[PDB]
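Only one chain comes next, encoded as structure tokens, the form deposited in one PDB entry.
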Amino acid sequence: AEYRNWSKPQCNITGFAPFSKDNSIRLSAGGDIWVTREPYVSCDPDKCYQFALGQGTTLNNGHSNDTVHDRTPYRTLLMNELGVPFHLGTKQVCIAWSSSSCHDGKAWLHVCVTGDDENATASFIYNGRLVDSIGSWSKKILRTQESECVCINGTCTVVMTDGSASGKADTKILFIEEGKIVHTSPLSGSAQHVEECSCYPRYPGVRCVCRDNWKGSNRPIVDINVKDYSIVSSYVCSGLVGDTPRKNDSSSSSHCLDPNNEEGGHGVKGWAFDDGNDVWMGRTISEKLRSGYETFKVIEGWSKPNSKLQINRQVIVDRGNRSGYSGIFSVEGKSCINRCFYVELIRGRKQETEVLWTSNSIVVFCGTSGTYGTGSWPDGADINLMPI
């Protein structure tokens, strides 16, 4: 076993093909299945795993009531092979109401945050043992990616924020070797608010596309140099912007440097990645709600400020059905590194009042250089057939 370096070119991308779906809410109506949110996917060199933050209960269970809240002492990070839904034999790998995980080629790192809002603890678990921990630096909900971290040559990097959800906060990038924090760098650059980064290897460094919860409906970019620990940041150039909420497609804009100040407050975790001067990106179909999910390429949308020339659109979830968070993960092939993404399909409160719980299922697609058709792969549960 050798460390991963991810030193292959990005695969050619013509769009995305279906990869996995867990159907977990449909299963929850006839089976004991965990209540979750904030899912993601990350793969070791052989095979992929699905992860999510449990709510310390199954769905058909009195403890599923009022699971809309994001942070409790009962949330744990669940980890199963991809496509195995979160049944009662699922391993809870750490105590977490925010997390990130990744494999360095040799073993798994988990970054797990729990405890009081004003004084949380992050644990750093590597190859099955606690190696490091830190306390909150700004006393305002220390929190992290909710998707995979990225490791090159044994140095894993993860983005964390502590501070306001609606104003200037303190973001830092940690560099971790076999579980030990070896350096911490503050965020630098023109991104003004950074949360929930979706990061990917872009050898020789790591590139992240994030959520600006304050003034941007355009997504921040954070670039991380793992050799010298330097950080740069800005915003995706595309005038078709990636956050929710956002303005409509004719009114929206980005010019790469600053938050657009267009319905910038609040947001949703999402992703994008560059392909030469173009950008591939996903977003909800609704501009206001976490409903629908579409991907497309914006021609020159990485390099040219405010480009809106899209092509190669695919519907992942039709506009009539619920989506949620989405994130990137990367998979090493024989000759190239592929990009894949998952979509959280949130069901229950507050939007759906027939039940008292909040949970989700997942759907997952991977880049292809081949061809594909059309469809829609929503959660699929009938809210009226669920236990309350």
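Residue indices: 1-based, along the sequence shown.
- Mean CA B-factor, 342-350 versus 327-335: the higher value falls on 327-335.
- Remark: stretch with higher mean C-alpha B factor among 6-14 and 375-383 is 6-14.
- Per-chain ranking of the deposited C-alpha B factor places residue 234 in the middle third.
- Among the modelled residues of the chain, residue 356 sits in the middle third by CA temperature factor in this PDB entry.
- Among all modelled residues in this chain, the alpha-carbon of residue 24 has a temperature factor (C-alpha) in the middle third.
- Per-chain ranking of the deposited C-alpha B factor places residue 298 in the middle third.
- Sort the modelled residues of the chain by CA B factor and residue 110 lands in the lowest third.
We do not show the form deposited with a partner chain bound, though everything after this point is about it.
- Scanning 240, 224, 169, 268 against its partner chain in the entry with it bound with a 4.5 Å heavy atom cut-off leaves one residue, 224.
- Checked against its partner chain in the entry with it bound, the candidates 153, 303, 286, 253 yield a single residue with a heavy atom inside 4.5 Å, and that residue is 303.
- Listed stretches are 203-211, 289-297, 245-253, 153-161; the contact stretch with its partner chain in the entry with it bound is 203-211, by a heavy atom cutoff of 4.5 Å.
- Using a 4.5 angstroms limit between non-hydrogen atoms, residue 138 is distant from its partner chain in the entry with it bound.
- When its partner chain is considered in the entry with it bound, residue 230 lines it closely, a heavy atom lying within 4.5 Å.
- Of the heavy atoms in residue 312, none are within 4.5 Å of its partner chain in the entry with it bound.
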